[PDB]
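Peer 1: Handing over work.pdb, PDB, N, CA and C atoms.
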```
MODEL        1
ATOM      1  N   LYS A  52     113.139 -18.649 114.369
ATOM      2  CA  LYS A  52     112.189 -18.247 115.393
ATOM      3  C   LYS A  52     111.000 -17.501 114.817
ATOM      4  N   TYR A  53     110.601 -17.821 113.591
ATOM      5  CA  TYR A  53     109.493 -17.115 112.968
ATOM      6  C   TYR A  53     108.541 -18.045 112.235
ATOM      7  N   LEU A  54     108.706 -19.352 112.357
ATOM      8  CA  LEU A  54     107.831 -20.293 111.685
ATOM      9  C   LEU A  54     106.755 -20.791 112.634
ATOM     10  N   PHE A  55     105.600 -21.020 112.090
ATOM     11  CA  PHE A  55     104.538 -21.673 112.828
ATOM     12  C   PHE A  55     104.902 -23.141 113.035
ATOM     13  N   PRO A  56     104.627 -23.703 114.211
ATOM     14  CA  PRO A  56     105.093 -25.062 114.514
ATOM     15  C   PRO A  56     104.367 -26.127 113.710
ATOM     16  N   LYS A  57     104.886 -27.346 113.799
ATOM     17  CA  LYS A  57     104.442 -28.444 112.957
ATOM     18  C   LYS A  57     104.011 -29.633 113.798
ATOM     19  N   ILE A  58     102.966 -30.313 113.340
ATOM     20  CA  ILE A  58     102.503 -31.567 113.918
ATOM     21  C   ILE A  58     102.884 -32.679 112.959
ATOM     22  N   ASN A  59     103.493 -33.735 113.485
ATOM     23  CA  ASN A  59     103.969 -34.816 112.640
ATOM     24  C   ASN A  59     103.005 -35.994 112.546
ATOM     25  N   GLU A  60     102.318 -36.362 113.630
ATOM     26  CA  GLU A  60     101.336 -37.435 113.525
ATOM     27  C   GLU A  60     100.267 -37.337 114.596
ATOM     28  N   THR A  61      99.171 -38.046 114.328
ATOM     29  CA  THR A  61      98.162 -38.460 115.293
ATOM     30  C   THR A  61      97.991 -39.961 115.116
ATOM     31  N   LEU A  62      97.404 -40.642 116.103
ATOM     32  CA  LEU A  62      97.345 -42.095 116.027
ATOM     33  C   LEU A  62      95.984 -42.727 116.284
ATOM     34  N   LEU A  63      95.008 -41.998 116.843
ATOM     35  CA  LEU A  63      93.620 -42.460 117.021
ATOM     36  C   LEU A  63      93.544 -43.715 117.895
ATOM     37  N   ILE A  64      93.863 -43.534 119.176
ATOM     38  CA  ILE A  64      93.810 -44.645 120.118
ATOM     39  C   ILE A  64      92.380 -45.139 120.280
ATOM     40  N   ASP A  65      92.165 -46.427 120.006
ATOM     41  CA  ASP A  65      90.844 -47.036 120.097
ATOM     42  C   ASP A  65      90.901 -48.408 120.757
ATOM     43  N   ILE A  66      89.907 -48.678 121.600
ATOM     44  CA  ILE A  66      89.774 -49.928 122.329
ATOM     45  C   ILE A  66      88.418 -50.506 121.935
ATOM     46  N   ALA A  67      88.288 -51.830 122.012
ATOM     47  CA  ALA A  67      87.185 -52.503 121.341
ATOM     48  C   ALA A  67      86.015 -52.905 122.239
ATOM     49  N   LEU A  68      86.206 -53.022 123.559
ATOM     50  CA  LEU A  68      85.115 -53.001 124.543
ATOM     51  C   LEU A  68      84.039 -54.078 124.400
ATOM     52  N   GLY A  69      84.360 -55.335 124.693
ATOM     53  CA  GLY A  69      83.419 -56.435 124.546
ATOM     54  C   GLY A  69      82.202 -56.398 125.463
ATOM     55  N   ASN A  70      81.465 -57.507 125.443
ATOM     56  CA  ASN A  70      80.131 -57.587 126.027
ATOM     57  C   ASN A  70      80.065 -58.385 127.315
ATOM     58  N   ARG A  71      80.797 -59.502 127.389
ATOM     59  CA  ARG A  71      80.764 -60.499 128.466
ATOM     60  C   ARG A  71      79.413 -61.175 128.612
ATOM     61  N   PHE A  72      78.525 -61.089 127.622
ATOM     62  CA  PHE A  72      77.251 -61.778 127.769
ATOM     63  C   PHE A  72      76.692 -62.462 126.539
ATOM     64  N   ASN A  73      77.164 -62.180 125.333
ATOM     65  CA  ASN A  73      76.341 -62.437 124.157
ATOM     66  C   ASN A  73      76.246 -63.908 123.749
ATOM     67  N   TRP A  74      76.664 -64.863 124.578
ATOM     68  CA  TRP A  74      76.114 -66.197 124.411
ATOM     69  C   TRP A  74      74.697 -66.280 124.953
ATOM     70  N   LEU A  75      74.268 -65.278 125.715
ATOM     71  CA  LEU A  75      72.868 -65.109 126.048
ATOM     72  C   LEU A  75      72.053 -64.591 124.879
ATOM     73  N   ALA A  76      72.698 -64.010 123.881
ATOM     74  CA  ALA A  76      71.992 -63.315 122.809
ATOM     75  C   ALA A  76      71.404 -64.328 121.845
ATOM     76  N   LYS A  77      70.136 -64.648 122.033
ATOM     77  CA  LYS A  77      69.377 -65.338 121.007
ATOM     78  C   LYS A  77      68.540 -64.310 120.268
ATOM     79  N   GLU A  78      68.065 -64.683 119.090
ATOM     80  CA  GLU A  78      67.485 -63.723 118.164
ATOM     81  C   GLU A  78      66.064 -64.107 117.795
ATOM     82  N   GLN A  79      65.111 -63.317 118.263
ATOM     83  CA  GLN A  79      63.767 -63.361 117.720
ATOM     84  C   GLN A  79      63.729 -62.550 116.430
ATOM     85  N   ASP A  80      62.566 -62.522 115.789
ATOM     86  CA  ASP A  80      62.492 -62.036 114.420
ATOM     87  C   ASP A  80      61.577 -60.832 114.252
ATOM     88  N   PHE A  81      61.323 -60.090 115.334
ATOM     89  CA  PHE A  81      60.581 -58.825 115.344
ATOM     90  C   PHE A  81      59.165 -59.014 114.785
ATOM     91  N   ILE A  82      58.387 -59.778 115.537
ATOM     92  CA  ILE A  82      56.957 -59.898 115.286
ATOM     93  C   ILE A  82      56.281 -60.138 116.625
ATOM     94  N   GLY A  83      55.145 -59.483 116.829
ATOM     95  CA  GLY A  83      54.443 -59.590 118.090
ATOM     96  C   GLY A  83      55.122 -58.800 119.186
ATOM     97  N   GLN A  84      54.473 -58.667 120.333
ATOM     98  CA  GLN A  84      55.149 -57.977 121.416
ATOM     99  C   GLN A  84      55.031 -58.699 122.748
ATOM    100  N   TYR A  85      53.957 -59.438 122.970
ATOM    101  CA  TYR A  85      53.754 -60.093 124.251
ATOM    102  C   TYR A  85      54.182 -61.548 124.178
ATOM    103  N   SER A  86      55.094 -61.926 125.061
ATOM    104  CA  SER A  86      55.468 -63.313 125.270
ATOM    105  C   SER A  86      55.367 -63.628 126.748
ATOM    106  N   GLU A  87      55.158 -64.904 127.053
ATOM    107  CA  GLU A  87      54.979 -65.319 128.433
ATOM    108  C   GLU A  87      55.277 -66.803 128.547
ATOM    109  N   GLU A  88      55.432 -67.253 129.785
ATOM    110  CA  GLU A  88      55.500 -68.671 130.087
ATOM    111  C   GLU A  88      54.771 -68.902 131.396
ATOM    112  N   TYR A  89      54.728 -70.161 131.811
ATOM    113  CA  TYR A  89      53.841 -70.560 132.890
ATOM    114  C   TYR A  89      54.280 -71.912 133.418
ATOM    115  N   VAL A  90      53.882 -72.193 134.651
ATOM    116  CA  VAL A  90      54.119 -73.469 135.294
ATOM    117  C   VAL A  90      52.810 -73.956 135.893
ATOM    118  N   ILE A  91      52.817 -75.215 136.302
ATOM    119  CA  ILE A  91      51.747 -75.803 137.088
ATOM    120  C   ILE A  91      52.252 -75.866 138.518
ATOM    121  N   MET A  92      51.406 -75.518 139.481
ATOM    122  CA  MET A  92      51.854 -75.596 140.861
ATOM    123  C   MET A  92      51.678 -76.998 141.409
ATOM    124  N   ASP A  93      52.324 -77.233 142.540
ATOM    125  CA  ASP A  93      52.359 -78.561 143.126
ATOM    126  C   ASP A  93      51.033 -78.896 143.782
ATOM    127  N   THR A  94      50.742 -80.186 143.867
ATOM    128  CA  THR A  94      49.637 -80.684 144.673
ATOM    129  C   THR A  94      50.146 -81.841 145.513
ATOM    130  N   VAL A  95      50.336 -81.574 146.795
ATOM    131  CA  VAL A  95      50.619 -82.635 147.761
ATOM    132  C   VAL A  95      49.433 -83.591 147.805
ATOM    133  N   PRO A  96      49.662 -84.894 147.785
ATOM    134  CA  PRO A  96      48.549 -85.842 147.787
ATOM    135  C   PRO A  96      47.909 -85.946 149.159
ATOM    136  N   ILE A  97      46.771 -86.628 149.197
ATOM    137  CA  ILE A  97      45.940 -86.687 150.390
ATOM    138  C   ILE A  97      45.645 -88.133 150.752
ATOM    139  N   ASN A  98      45.390 -88.345 152.035
ATOM    140  CA  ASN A  98      45.056 -89.652 152.575
ATOM    141  C   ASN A  98      43.671 -90.101 152.119
ATOM    142  N   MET A  99      43.433 -91.404 152.219
ATOM    143  CA  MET A  99      42.171 -91.995 151.789
ATOM    144  C   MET A  99      41.211 -92.091 152.963
ATOM    145  N   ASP A 100      40.418 -91.053 153.181
ATOM    146  CA  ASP A 100      39.415 -91.074 154.238
ATOM    147  C   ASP A 100      38.130 -91.530 153.555
ATOM    148  N   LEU A 101      37.868 -92.835 153.636
ATOM    149  CA  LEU A 101      36.783 -93.477 152.910
ATOM    150  C   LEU A 101      35.411 -93.163 153.474
ATOM    151  N   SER A 102      35.339 -92.472 154.608
ATOM    152  CA  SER A 102      34.059 -92.109 155.191
ATOM    153  C   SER A 102      33.316 -91.072 154.365
TER     154      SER A 102
ATOM    155  N   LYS B  52     170.338 -55.324 139.291
ATOM    156  CA  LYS B  52     169.931 -53.976 139.654
ATOM    157  C   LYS B  52     170.128 -52.994 138.514
ATOM    158  N   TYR B  53     170.103 -53.466 137.276
ATOM    159  CA  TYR B  53     170.307 -52.591 136.141
ATOM    160  C   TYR B  53     169.368 -52.875 134.985
ATOM    161  N   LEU B  54     168.363 -53.714 135.175
ATOM    162  CA  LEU B  54     167.466 -54.084 134.094
ATOM    163  C   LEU B  54     166.155 -53.324 134.193
ATOM    164  N   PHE B  55     165.553 -53.111 133.061
ATOM    165  CA  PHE B  55     164.279 -52.423 133.042
ATOM    166  C   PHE B  55     163.166 -53.391 133.432
ATOM    167  N   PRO B  56     162.226 -52.960 134.269
ATOM    168  CA  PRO B  56     161.170 -53.868 134.729
ATOM    169  C   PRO B  56     160.209 -54.225 133.612
ATOM    170  N   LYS B  57     159.882 -55.504 133.530
ATOM    171  CA  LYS B  57     159.132 -56.049 132.410
ATOM    172  C   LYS B  57     157.664 -56.178 132.785
ATOM    173  N   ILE B  58     156.804 -55.525 132.027
ATOM    174  CA  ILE B  58     155.377 -55.803 132.098
ATOM    175  C   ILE B  58     155.135 -57.152 131.439
ATOM    176  N   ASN B  59     154.041 -57.810 131.796
ATOM    177  CA  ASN B  59     153.741 -59.086 131.176
ATOM    178  C   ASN B  59     152.552 -59.009 130.233
ATOM    179  N   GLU B  60     151.405 -58.519 130.697
ATOM    180  CA  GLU B  60     150.299 -58.253 129.788
ATOM    181  C   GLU B  60     149.430 -57.148 130.363
ATOM    182  N   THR B  61     148.636 -56.552 129.481
ATOM    183  CA  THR B  61     147.589 -55.614 129.846
ATOM    184  C   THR B  61     146.272 -56.219 129.395
ATOM    185  N   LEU B  62     145.267 -56.198 130.265
ATOM    186  CA  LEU B  62     144.121 -57.042 129.970
ATOM    187  C   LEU B  62     143.030 -56.324 129.192
ATOM    188  N   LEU B  63     142.612 -55.140 129.650
ATOM    189  CA  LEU B  63     141.458 -54.407 129.122
ATOM    190  C   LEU B  63     140.209 -55.293 129.164
ATOM    191  N   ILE B  64     139.765 -55.545 130.382
ATOM    192  CA  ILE B  64     138.548 -56.320 130.561
ATOM    193  C   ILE B  64     137.356 -55.408 130.303
ATOM    194  N   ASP B  65     136.340 -55.940 129.630
ATOM    195  CA  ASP B  65     135.222 -55.123 129.185
ATOM    196  C   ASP B  65     134.013 -56.002 128.919
ATOM    197  N   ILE B  66     132.848 -55.508 129.321
ATOM    198  CA  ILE B  66     131.568 -56.102 128.974
ATOM    199  C   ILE B  66     130.618 -54.980 128.588
ATOM    200  N   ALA B  67     129.723 -55.274 127.657
ATOM    201  CA  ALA B  67     128.718 -54.313 127.242
ATOM    202  C   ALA B  67     127.453 -54.485 128.072
ATOM    203  N   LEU B  68     126.689 -53.408 128.188
ATOM    204  CA  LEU B  68     125.507 -53.392 129.031
ATOM    205  C   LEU B  68     124.289 -53.112 128.168
ATOM    206  N   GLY B  69     123.193 -53.788 128.463
ATOM    207  CA  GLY B  69     122.000 -53.724 127.646
ATOM    208  C   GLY B  69     121.095 -52.573 128.018
ATOM    209  N   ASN B  70     119.797 -52.775 127.813
ATOM    210  CA  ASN B  70     118.836 -51.691 127.922
ATOM    211  C   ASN B  70     117.611 -52.013 128.754
ATOM    212  N   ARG B  71     117.197 -53.281 128.841
ATOM    213  CA  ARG B  71     115.969 -53.826 129.440
ATOM    214  C   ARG B  71     114.673 -53.175 128.946
ATOM    215  N   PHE B  72     114.748 -52.323 127.923
ATOM    216  CA  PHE B  72     113.577 -51.686 127.337
ATOM    217  C   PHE B  72     113.711 -51.567 125.836
ATOM    218  N   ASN B  73     114.549 -52.385 125.226
ATOM    219  CA  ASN B  73     114.858 -52.181 123.829
ATOM    220  C   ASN B  73     113.723 -52.611 122.915
ATOM    221  N   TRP B  74     112.739 -53.348 123.417
ATOM    222  CA  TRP B  74     111.577 -53.628 122.588
ATOM    223  C   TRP B  74     110.586 -52.478 122.558
ATOM    224  N   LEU B  75     110.858 -51.376 123.245
ATOM    225  CA  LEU B  75     110.034 -50.191 123.082
ATOM    226  C   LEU B  75     110.558 -49.260 122.008
ATOM    227  N   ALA B  76     111.687 -49.588 121.394
ATOM    228  CA  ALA B  76     112.387 -48.671 120.503
ATOM    229  C   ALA B  76     111.621 -48.562 119.197
ATOM    230  N   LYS B  77     110.733 -47.582 119.128
ATOM    231  CA  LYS B  77     110.076 -47.278 117.872
ATOM    232  C   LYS B  77     110.829 -46.169 117.160
ATOM    233  N   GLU B  78     110.869 -46.253 115.840
ATOM    234  CA  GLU B  78     111.751 -45.428 115.031
ATOM    235  C   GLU B  78     110.933 -44.525 114.122
ATOM    236  N   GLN B  79     110.968 -43.231 114.391
ATOM    237  CA  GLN B  79     110.355 -42.250 113.516
ATOM    238  C   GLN B  79     111.441 -41.562 112.695
ATOM    239  N   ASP B  80     111.061 -40.497 111.992
ATOM    240  CA  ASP B  80     111.882 -39.950 110.925
ATOM    241  C   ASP B  80     112.445 -38.560 111.182
ATOM    242  N   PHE B  81     112.206 -37.975 112.361
ATOM    243  CA  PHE B  81     112.729 -36.668 112.781
ATOM    244  C   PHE B  81     112.285 -35.563 111.815
ATOM    245  N   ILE B  82     110.983 -35.325 111.831
ATOM    246  CA  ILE B  82     110.403 -34.200 111.119
ATOM    247  C   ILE B  82     109.307 -33.652 112.019
ATOM    248  N   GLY B  83     109.068 -32.355 111.918
ATOM    249  CA  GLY B  83     108.089 -31.724 112.773
ATOM    250  C   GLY B  83     108.622 -31.503 114.170
ATOM    251  N   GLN B  84     107.776 -30.914 114.999
ATOM    252  CA  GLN B  84     108.173 -30.612 116.363
ATOM    253  C   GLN B  84     107.267 -31.256 117.395
ATOM    254  N   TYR B  85     105.959 -31.119 117.250
ATOM    255  CA  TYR B  85     105.027 -31.558 118.272
ATOM    256  C   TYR B  85     104.203 -32.732 117.774
ATOM    257  N   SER B  86     103.665 -33.493 118.722
ATOM    258  CA  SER B  86     102.826 -34.634 118.387
ATOM    259  C   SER B  86     101.705 -34.738 119.400
ATOM    260  N   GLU B  87     100.468 -34.684 118.938
ATOM    261  CA  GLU B  87      99.355 -34.792 119.860
ATOM    262  C   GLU B  87      98.621 -36.099 119.634
ATOM    263  N   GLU B  88      97.803 -36.460 120.614
ATOM    264  CA  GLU B  88      97.125 -37.738 120.544
ATOM    265  C   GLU B  88      95.824 -37.678 121.318
ATOM    266  N   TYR B  89      94.813 -38.358 120.792
ATOM    267  CA  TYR B  89      93.445 -38.088 121.187
ATOM    268  C   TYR B  89      92.604 -39.333 120.985
ATOM    269  N   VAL B  90      91.605 -39.472 121.843
ATOM    270  CA  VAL B  90      90.632 -40.539 121.690
ATOM    271  C   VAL B  90      89.275 -39.930 121.416
ATOM    272  N   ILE B  91      88.314 -40.770 121.107
ATOM    273  CA  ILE B  91      86.931 -40.353 120.945
ATOM    274  C   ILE B  91      86.245 -40.468 122.287
ATOM    275  N   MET B  92      85.537 -39.427 122.695
ATOM    276  CA  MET B  92      84.750 -39.523 123.909
ATOM    277  C   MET B  92      83.515 -40.369 123.646
ATOM    278  N   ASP B  93      83.035 -41.031 124.699
ATOM    279  CA  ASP B  93      81.930 -41.965 124.558
ATOM    280  C   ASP B  93      80.628 -41.246 124.251
ATOM    281  N   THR B  94      79.664 -42.021 123.768
ATOM    282  CA  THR B  94      78.304 -41.542 123.545
ATOM    283  C   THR B  94      77.359 -42.728 123.706
ATOM    284  N   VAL B  95      76.632 -42.745 124.812
ATOM    285  CA  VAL B  95      75.765 -43.874 125.119
ATOM    286  C   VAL B  95      74.530 -43.789 124.234
ATOM    287  N   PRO B  96      73.896 -44.909 123.907
ATOM    288  CA  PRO B  96      72.654 -44.853 123.140
ATOM    289  C   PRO B  96      71.517 -44.315 123.979
ATOM    290  N   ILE B  97      70.443 -43.962 123.290
ATOM    291  CA  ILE B  97      69.261 -43.435 123.943
ATOM    292  C   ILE B  97      68.069 -44.301 123.582
ATOM    293  N   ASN B  98      67.118 -44.341 124.502
ATOM    294  CA  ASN B  98      65.776 -44.773 124.165
ATOM    295  C   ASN B  98      65.183 -43.765 123.199
ATOM    296  N   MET B  99      64.334 -44.234 122.299
ATOM    297  CA  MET B  99      63.633 -43.329 121.403
ATOM    298  C   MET B  99      62.141 -43.374 121.714
ATOM    299  N   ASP B 100      61.582 -42.214 122.044
ATOM    300  CA  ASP B 100      60.148 -42.063 122.272
ATOM    301  C   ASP B 100      59.667 -41.302 121.047
ATOM    302  N   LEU B 101      59.180 -42.047 120.063
ATOM    303  CA  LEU B 101      58.911 -41.518 118.734
ATOM    304  C   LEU B 101      57.627 -40.704 118.654
ATOM    305  N   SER B 102      57.045 -40.327 119.790
ATOM    306  CA  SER B 102      56.027 -39.291 119.821
ATOM    307  C   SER B 102      56.608 -37.895 119.650
TER     308      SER B 102
ENDMDL
END
```
Please express the file's structure as structure tokens.

Peer 2:
Amino acid sequence: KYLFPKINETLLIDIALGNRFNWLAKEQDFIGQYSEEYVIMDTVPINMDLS
Amino acid sequence: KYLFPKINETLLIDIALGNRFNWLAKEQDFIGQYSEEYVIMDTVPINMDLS
């Protein structure tokens, strides 16, 4: 009843925590900052009013 | 009315009983007294405003 107690082990519980997305992860190469895209809008055609 | 009564057999029926948790049986070495266990607390990344 006079000894300081003892610790026998620790185990370092760790979990790995995935992403659920990285098939979305494509890789640019760190140059430039502005990127953009664009579309053409629709044009409904018109009747032939020959007058 | 003068003969000793005859036993025929004694059976001793017996079956052993399992554990249903015997795959949890981890075996340590019986040293020390206490055992603690700990994880790392999280730390989210930060934006860096390099000004």

Peer 1: Mind listing as number ranges by chain which residues of chain B are within 6.5 Å of chain A, counting only N, CA and C atoms?

Peer 2: B: 82-91

Peer 1: If you superpose chain B onto chain A over the full set of Cα atoms in sequence order, what number do you get for the RMSD in Å?

Peer 2: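 RMSD over all C-alpha atoms: 2.2 Å.
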
Peer 1: Quick one: pull the distance between atom N of residue 69 in chain A and atom N of residue 76 in chain B, Å, one decimal.

Peer 2: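 The value is 28.1 Å.
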